[PDB]
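Written below as C-alpha cells is the structure these notes are about.
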Ligand code: CLA
Ligand code: CLA
Ligand code: CLA
Ligand code: CLA
Ligand code: CLA
Ligand code: CLA
Ligand SMILES: CC1=C(/C=C/C(C)=C/C=C/C(C)=C/C=C/C=C(C)/C=C/C=C(C)/C=C/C2=C(C)CCCC2(C)C)C(C)(C)CCC1
Ligand SMILES: CC1=C(/C=C/C(C)=C/C=C/C(C)=C/C=C/C=C(C)/C=C/C=C(C)/C=C/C2=C(C)CCCC2(C)C)C(C)(C)CCC1
Ligand SMILES: CC1=C(C/C=C(\C)CCC[C@H](C)CCC[C@H](C)CCCC(C)C)C(=O)c2ccccc2C1=O
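Residue numbers (UniProt numbering), protein chains in the order written: chain A, 368 to 441; chain B, 51 to 145; chain C, 64 to 204; chain D, 2 to 81; chain E, 9 to 750; chain F, 1 to 147; chain G, 1 to 42; chain H, 3 to 35.
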C-alpha cells in the first residue's frame with residue numbers, strides 16, 4: 368500500500384507538473400491571441416498578475432503560518 | 051619564411067604555423083626482425099577487416115560470456131550455488 | 064577599401080604559453096592580428112601571460128576572433144594604436160575581418176548595407192503560431 | 002550561426018558595437034533617429050551570443066536582439 | 009630611511025556622511041533607484057580599492073578598519089571575561105574540573121527558555137560553554153572572579169583605546185603611503201616586538217603567575233585560600249619554596265648558569281598526568297625560547313641603519329636551480345597591493361588556524377582541556393572551519409589581485425608570468441589528480457559499500473579484508489614514539505602520546521589522548537581529505553589563474569572580478585568569474601572541513617575519548633567502531649550520523665533543547681539556501697513584478713523599486729545560507745552529542 | 001533532412017560539439033520543432049508514437065506476468081495470502097556473495113528472489129488468475145497485444 | 001544633533017530601534033502574562 | 003536447463019546487448035552521408 372500510494376502520488380505530481388508545462392508550451396507555441404481576442408483564455412493573460420499575486424499570497428500565508436506553528440511547537 | 055627571426059606565419063608552409071609537427075613521430079625503419087614481422091602480418095591479417103572484426107568480437111564475446119556463465123559450477127560464483135541454508139521466515143509470520 | 068594583405072611581419076617577444084593553437088588551426092580556421100606599435104612595450108596578451116610587442120609591425124596568431132578583438136580593443140584604448148586582424152583557413156584564403164571598410168565599426172561608414180534589420184518595433188513580431196510549420200522564425204517575418 | 006536581428010527602435014548610440022567582442026555589429030547610415038545611424042549585423046556567423054550588445058542597448062526594452070540558434074565552433078567560443 | 013610620515017586632519021569628523029548613504033562611491037552616492045542599491049551599498053562597503061584609487065587613502069582606511077576590528081575583538085574578550093566573572097561557575101569549576109560543566113552563560117526566564125539553564129554542576133544553572141575559556145583561566149592562574157572582572161574592564165578600556173586609535177589614525181593624524189610601504193620595519197617590529205616581546209611577556213606571566221598557582225592547584229588547594237600572584241612576585245620566600253631556582257635570582261640568568269633554572273623551565277615532554285594538559289614548565293620554556301627566536305628574527309631586515317636585509321635585496325638576488333632569475337618585482341606588487349598581501353596573509357593565517365586545531369587536539373596545552381570533550385571538539389571544529397574559510401578568502405583576494413592590482417607593464421614578475429603561461433598544465437594536472445583522488449578514495453568507499461551489501465566483507469578495503477595500511481604515518485608514529493630516547497634525549501617523554509607507548513594520561517574517569525591507531529579506514533579518510541583539499545585547490549587556483557583571461561573569455565579582467573557571466577553565448581558562461589570560483593570553492597571547503605571534523609569526532613569518540621575503569625581497560629564513547637564502520641558510507645550514515653545524532657533529538661527538555669532546535673533550523677537554512685543556488689534572478693524578478701502590480705493596485709507602490717537579487721548576490725546568499733545551515737547543523741550535532749556523552 | 005545523428009534537426013547535426021549528441025537525444029520527441037515538419041506528419045508521428053507506448057505498456061505487463069509466472073510463488077500465495085510473501089522476479093547477480101544469496105532467498109523459493117511490493121499478486125488474485133498457467137496465458141496475450 | 005537624526009532616521013537604525021522597543025514590549029508582556037494560549041478578557 | 007536461463011540472458015542483456023547498442027549508436031552518432 369505504501370509503495371502504491373507513493374508511486375501514484377509522485378506520478379500524479381509529475382503528471383500535474385507536465386500538464387502545466389504543456390500549458391506553458393501551448394501559450395508560447397500554439398496560442399493565437401488574434402483568434403481568441405477577449406475570450407475566456409485571453410482574460411488569463413489580461414489579469415495574470417492578479418492570479419500570480421494571489422497565489423503568491425496564499426502560498427506565503429500558508430508557509431508563514433504552517434511553519435510558524437510547526438516552529439512554535441518545536 | 052618560417053625560419054626567419056621571430057616570423058611564424060609562412061602562409062605556404064602553413065603546417066609549421068598551425069603546429070602540424072609530429073612531436074614524437076619517428077620515420078625510422080622497421081626495428082623488428084622481418085621474420086617475426088612476417089609471422090605477425092600473416093597471423094593477424096584475419097583480424098584486419100574491421101566490419102568482420104566488430105561482428106566477430108560481438109558474436110564471440112557474447113558467446114564466451116553466455117557460455118562461461120552457463121557452465122560455471124557453484125564454486126566460482128555463489129549466485130549459481132543457491133541458498134545452501136534453511137530459508138528464514140519473514141516478519142509477521144512471513145508477511 | 065582594399066584589404067591590407069597580411070605579410071610575413073615579425074611577432075612579439077613571448078616565452079610561450081599553454082594558450083595557443085591546439086587543433087582549431089590544424090583542421091579549422093585560426094586568426095592573426097597585426098598592429099603597428101610605435102615603440103617596444105609590454106602588453107598582456109589574451110592567451111595568458113605577458114608579451115613584449117616590437118617596434119613597427121607586429122603579428123600575433125590567435126585561436127579565435129574574441130582573443131583578437133579583445134587584444135585589439137585593449138590596444139586601441141590603452142596604447143591607441145590601429146589594429147586589424149584576419150582569419151586564415153588551413154588551406155589559405157586569408158580573410159580580412161575586423162574593420163571591413165578601413166574605419167572602425169562604431170563609425171557609420173557609407174556603403175555597408177542593412178543586413179539583420181527589421182523595420183518594426185520589437186514587440187510587433189508575430190507569434191510562433193503564425194510561423195508554425197514553416198522554416199522561418201518569429202523574427203524573420 | 003546565431004541570429005542577431007535589430008529593430009528600428011535603435012537610436013544610433015553605437016554602444017552595441019562598442020561592446021561587441023566579435024565585430025558582429027556595425028553602424029550604418031540611416032534616417033530614423035536623431036543620430037541618423039543604425040546598427041547592422043553582417044557578421045552574425047561570428048556571434049558568440051554573449052549579449053553584451055543588449056546589455057548596453059539604452060531603449061525601453063531593446064533594439065539589438067540576439068536570438069540564440071545553431072551553435073557552431075565560432076559560436077561556442079572554442080579555441081580548440 | 010623610515011620616517012613617521014603622517015598628515016594632520018585629512019578627513020573631517022562629521023555626521024554629514026552618516027546622513028547621505030552610500031557616499032563612498034560614484035554610482036551609490038546618488039540614492040536608491042531600486043532595491044539593488046542597498047545590496048550594492050553593503051557589498052561595496054569595504055571595497056576600498058573601488059572607492060578611492062590610491063594606496064594612501066586605501067591604506068589609511070584599512071588601518072583604521074583594523075583598529076575597529078581590534079576594538080571589536082577586545083570588546084568580545086571583555087564580554088567573555090565578564091560573563092566568566094559575574095555569570096559563571098568558574099570557582100565551582102576550579103574546585104572540581106572533572107564533573108562541573110564549564111558554564112559562563114545564563115539565560116533569562118521569560119518564555120520557558122530557562123530550561124536551557126542546565127544542571128552543569130556547582131550550584132549553578134546555566135549553559136555549558138565550550139570555548140575552553142575556563143581552561144585558559146586555569147592556565148593563567150586566575151582563581152577569582154575579581155580578576156576576570158578587572159581584565160574585562162581592561163579589555164573594555166582597550167576597546168575604547170582601539171576605537172580612539174582608529175579615529176585618530178583616520179580623521180585626526182593619519183599615516184601616508186611612505187609609512188605602510190616600508191615593510192622591513194613592520195616585520196622587524198611585528199617579530200621582535202609583537203611576537204617576540206609578546207611571547208616574552210607571556211613567559212613572564214607564566215614563570216611568575218601560572219606555574220606557581222597551577223602547581224598549587226595541582227597539589228590540591230581551595231582556590232580561595234591560594235596566594236595571589238603579586239604575593240608570588242613580592243614574597244620571595246613563597247615562590248622560592250615553590251621553585252628554589254628563584255632563590256638565586258637572575259645571576260643564574262646573567263652568568264649563564266641556566267642548568268639550575270631547570271626546576272621551572274623543563275623540557276618535560278608529553279602531558280601533565282595530574283591535569284591532562286601540557287606541562288606549564290614546558291610552556292613557559294617554550295614561550296621564552298620563542299621570544300628569543302622572534303627577537304633575533306626581528307633584527308633581520310634593514311629599516312633605518314646600515315645593518316639588515318632588504319626584502320627587495322633578497323628577492324632580486326635569489327638565483328637558484330628552478331626559475332631563480334625571477335622573484336624580481338614581488339616587493340613591488342606586495343608593497344602596492346593590499347589584495348596580494350591579504351591573500352598571502354589569509355592563506356598562512358588559515359593554515360596556521362588549522363595547525364592550531366591539529367596541535368591543540370593532540371598536545372592539549374591547557375589544564376583539564378582534554379577531558380572536556382566538548383571543549384576539544386569545539387576548538388578543533390572551530391579552528392578547522394576558520395582555517396578553511398581563511399584559505400578560501402586567500403583565494404578571493406588572490407583573484408582580486410589578479411584582476412585589479414596586476415599590471416604587466418609597470419609591475420612585472422617573472423614567476424607569476426610563468427605561472428599564468430602554463431596555467432592550463434597546472435589546472436589540467438590538478439583536475440587529473442582530483443579525479444584520481446576521488447576515485448581511489450571515495451570509490452574505495454563505494455567498493456566497500458557494494459561488497460558489504462553483496463555479503464562479501466572479505467573483498468572490502470579494511471583491516472579484516474584487503475588492507476590499505478598507512479605505512480608512512482605508522483612509521484612516523486613508530487619513530488616519534490621512540491624519538492625522545494635517541495633523537496631528542498632532552499625530552500623524558502615524547503612530544504605527544506598519539507604516537508605510541510604505554511602512556512594514557514587519564515585525569516579522572518576520562519581518557520585524554522591515548523595513542524591514536526592508524527588503520528585502513530584512516531588511510532581511506534586521509535585520502536578523502538587530500539582529495540577534498542585538492543578539489544578546493546583546483547577550484548580556487550583555477551579562478552585565480554583564469555581571473556584575467558582564458559580560451560573562453562579573453563577579456564575577463566575588463567568584466568571584473570565579481571560579475572555573473574558574459575551571457576549564454578559560447579554555450580554559456582554562467583560561473584566564469586573568479587568570484588564564482590571562490591563561491592564554489594566555498595562549497596568544497598565545506599565538504600572538506602565537514603569530512604575533516606567528522607573524521608575527528610568519530611576517531612576521537614571511538615579510539616580516544618571514553619571512560620577508564622578501576623581495572624585499567626578503556627571504554628570508548630562509540631566503542632572503537634571507526635575501523636569497521638568508517639570504511640563504508642553506510643557506516644557514516646548509521647554508526648556516525650544516525651547513531652551520534654540521538655542526543656540531539658533526545659536533547660528536547662534538558663539544557664540541550666536549543667542544540668536540538670538549532671539542529672532543525674540549521675537543517676532549514678541550508679535548504680533555504682537551495683532556493684538561491686538552484687534558481688535565477690529572472691523568475692524572481694517576474695514574480696516580483698506581479699507582486700508590484702498587486703501593490704500598485706493599492707497605492708502602496710514603493711519608490712525603491714523592488715528588484716530581484718543580483719545573480720552574483722543570489723549566489724552569495726545561497727552559499728552564505730548553505731554554509732550557515734550546514735555548519736550550524738554540524739555545530740548543534742557536535743555540541744549536543746559531546747555534551748550529552750562526554 | 002540532415003546529415004549527422006539528429007536527422008530530425010540540421011541545426012544540431014551542424015554542431016561540431018558534443019551538444020549535438022545530448023540535444024539530439026533530448027529533442028527527439030519534440031516533433032513540432034523538427035525540420036520539414038507539417039501538421040499532418042506531426043500528427044502521424046504522434047499516433048505511431050502512441051502505438052509504440054501502448055506496445056511497451058503491454059510488453060511491460062507481459063514481463064510482470066511472465067516473471068511472476070516463471071519465478072513467482074503465486075501458486076503458493078493464493079493458498080495463504082496474508083502470510084506468504086509475494087515474489088516479483090528472480091535475481092541472477094554474479095556479483096552477489098553467498099551471504100546475499102542466503103539473505104535474498106524469500107517466499108519459499110529455490111533461490112534468491114525479490115518481493116513484489118507492487119500488488120500485482122493481490123490484483124491478479126482478485127480478478128481470477130489462480131494458477132501460473134493463467135499468468136503465462138496473460139503474458140502471451142499481452143505480447144500479442146504488444147505486437 | 002543635525003545629521004545624526006538623519007542617520008537614526010535611516011532604515012536599519014530605525015528598524016533596530018523599532019524592533020528593539022517592540023521586542024522588549026513583547027518580552028515584558030510575556031513576563032507579565034506568560035504561557036498564553038487564549039484571550040479570556042473578552 | 004531453466005535455472006540456467008538467467009545466466010544466459012542477464013549477461014546477454016546487461017553486457018552484450020549494451021556493447022552492441024553502444025557500438026551501433028556510437029557509429030550512428032558519428033556517421034556522415
Ligand atoms: C527550506 C527551504 C525552502 C523554503 C523555506 C522556501 C520558501 C519559499 N519558497 Mg521555495 N524553493 C526551495 C526551497 C525553499 N523555499 C527550493 C529548494 C527551490 C528550488 C529552486 C525553491 C523554488 C521556489 C520557487 C520557484 C518559488 C518558491 C516560493 C517560495 C515562497 C513560498 C511562499 C511561502 O511559503 O512563504 C512563506 C515564507 C516562508 C516559508 C519563509 C520562511 C522564513 C521565515 C518565515 C521568515 C522569518 C525568519 C526570521 C525571523 C528572519 C530573521 C533572520 C535574519 C534577518 C537574521 C517561500 C519564500 C515561491 C515564491 O516565493 O512566491 C511566493 C515561488 O514562486 N520557491
Ligand atoms: C563617532 C565618531 C566618528 C565619526 C563621526 C566618523 C565620521 C566619518 N568617518 Mg570615521 N571612524 C571612527 C569614528 C567616527 N567616524 C572610528 C572610531 C573608526 C575606526 C574604526 C573610524 C574609521 C573610519 C574609516 C576607515 C573611514 C571612516 C569614514 C568616515 C566618514 C563616513 C562615515 C560613514 O558613512 O560610515 C558610517 C558607518 C557606520 C556607522 C558603521 C559602523 C561600523 C562599526 C565601526 C562596526 C560595527 C560592527 C558591528 C559590531 C558588527 C555588526 C553586528 C550586527 C550584525 C548586529 C565620516 C566623515 C570613511 C571616510 O571618510 O572615507 C571616505 C572611511 O573610509 N571612518
Ligand atoms: C613593536 C611595535 C609594534 C607592535 C607591538 C605592533 C603591533 C601590531 N600592529 Mg604594527 N606596526 C609597527 C609596530 C608595531 N606593531 C610599525 C613600526 C609599523 C609601521 C611600519 C606598523 C604598522 C602596522 C600596520 C599597517 C598595521 C599594524 C597592525 C598591528 C596589530 C596587529 C593585530 C594583532 O596582532 O593584535 C594583537 C593585539 C595587541 C598586541 C593589542 C595592542 C595593544 C597595544 C596598546 C598597541 C601595540 C603598540 C603600538 C605599536 C602602539 C604604540 C604606542 C602608541 C601610543 C604610539 C598589532 C597590535 C595592524 C592592525 O591591527 O591595525 C590596527 C595593521 O593594520 N601595524
Ligand atoms: C582578513 C580577512 C578578510 C578581509 C580583510 C576581507 C576584505 C574584503 N573582502 Mg574578503 N573574504 C574573506 C576574508 C577577508 N576579506 C574570507 C575568509 C572569504 C571567504 C568566505 C572572503 C571572500 C570574499 C569574496 C568572495 C569577496 C570578498 C570581498 C572583500 C572586500 C569587500 C567586502 C565587503 O564590502 O563586504 C562587506 C561585508 C559584508 C557584505 C557582510 C558579509 C556578510 C557575511 C558573509 C555573512 C556571515 C555572518 C555570520 C557568520 C552569519 C550569521 C549572521 C546572523 C545575523 C544571522 C574586502 C576587500 C569582495 C571583493 O573584494 O569583491 C570586489 C568579494 O567579492 N571576500
Ligand atoms: C555527491 C555529489 C557529487 C559528486 C559525486 C561529484 C563529483 C565530482 N565533482 Mg562535483 N559538486 C557537487 C557534488 C558532487 N560532485 C556539488 C554539490 C557542488 C557544488 C558547488 C560541486 C562542485 C564541483 C566543482 C566546482 C568541482 C567538482 C568536481 C568533481 C569531480 C571530482 C572527483 C572525481 O572526478 O573523482 C572521480 C569521481 C568521483 C569521485 C565521483 C563519484 C563516482 C564514484 C567514485 C564511483 C564511480 C563508479 C563507476 C564509474 C561505475 C559507473 C556505472 C556504470 C554503469 C557506467 C567529480 C566529477 C571537480 C572536477 O570536476 O574536477 C576534477 C571540480 O572542480 N564538483
Ligand atoms: C505564526 C505562528 C505562530 C503563532 C500563531 C504563535 C502564537 C503564540 N505563540 Mg508562538 N512562536 C512562533 C510562531 C507562532 N506563535 C515562532 C515562529 C516562534 C519561534 C520564534 C515562537 C515561539 C514562541 C514562544 C517561545 C512562546 C510563544 C508564545 C505564543 C503565544 C503568544 C502569547 C503572547 O505573548 O501574546 C500576548 C499578546 C501580545 C504580545 C500582543 C500585544 C500587542 C499590543 C500590546 C497591542 C494590543 C492592544 C491594542 C492597542 C488594541 C486594543 C484595542 C483598543 C482598546 C484600541 C501565542 C499562542 C508564548 C506562549 O505563551 O506560549 C503559548 C511563548 O512563550 N511562541
Ligand atoms: C465535494 C464533492 C463533490 C464536488 C466536488 C467538486 C465540484 C470538485 C471540483 C474540483 C476541481 C474544480 C478540481 C480541479 C482541478 C484542476 C486542475 C488539476 C487544473 C489544472 C490546470 C492546468 C494543468 C493548466 C494547464 C494549462 C495552462 C497552464 C494554460 C493553458 C491551458 C491549459 C489548461 C493546458 C461532489 C458533491 C460532486 C461529490 C463528493 C465530493
Ligand atoms: C589578558 C588581557 C589583558 C591584560 C593583559 C596584560 C596585563 C598584559 C601585560 C603585559 C606586560 C606587563 C608586558 C611586559 C613586557 C615587558 C617586556 C617585553 C620586557 C622586555 C625586557 C627586555 C627586552 C630587556 C632588555 C634589557 C635587559 C635584558 C636587562 C637590562 C637592560 C635591558 C633593559 C636592555 C587586557 C586587560 C589587555 C584585556 C585583554 C586580555
Ligand atoms: C528567493 C530568491 C530571490 C528573491 C529574494 C528577495 C528579493 C531578497 C529578500 C529581500 C527581503 C525579504 C526584503 C525585505 C527586507 C526589507 C529590509 C524590509 C524590512 C521591513 C519588514 C519586512 C521588517 C532572488 O531575487 C534570487 C535571485 C537570483 C538567484 C536566486 C534568487 C532567489 O532564490
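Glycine included, every Cβ here is placed at the ideal spot set by N, Cα and C.
Exposed unless 16 or more other CB atoms sit within 10 angstroms - verdict on residue i
i: residue 447 of chain E; result: exposed
i: residue 27 of chain D; result: buried
i: residue 739 of chain E; result: buried
i: residue 9 of chain F; result: buried
Same chain only: Cβ atoms within 6 Å of residue i, ignoring 5 sequence neighbours per side
i: residue 66 of chain F; result: 139
i: residue 692 of chain E; result: 716
i: residue 32 of chain E; result: 59
CB contact flag (residue i, residue j, <9 Å)
i: residue 134 of chain E; j: residue 90 of chain E; result: no
i: residue 148 of chain C; j: residue 128 of chain C; result: yes
i: residue 211 of chain E; j: residue 296 of chain E; result: yes
Backbone CA spacing between residue i and residue j [nearest angstrom]
i: residue 572 of chain E; j: residue 524 of chain E; result: 47 Å
i: residue 401 of chain E; j: residue 590 of chain E; result: 8 Å
i: residue 149 of chain E; j: residue 427 of chain A; result: 56 Å
Beta-carbon contacts of residue i that lie in its chain and below 7 Å, excluding the five residues immediately before and after
i: residue 185 of chain E; result: 63, 64 and 67
i: residue 43 of chain D; result: 27
By the 7 Å beta-carbon criterion, what residues does the region 76-93 of chain F contribute toward chain B?
So the list reads 82, 83, 84, 85, 92 and 93, given in the order they occur along the chain.
Using Cβ-Cβ distances below 7 Å, what residues of the region 104-132 of chain E are close to chain G?
Per Cβ criterion, the list reads 118 and 119.
Taking Cβ-Cβ distances below 8 Å as the criterion, which residues of the region 85-109 of chain C are in contact with chain B?
So the close ones are 85, 88, 89, 93 and 95.
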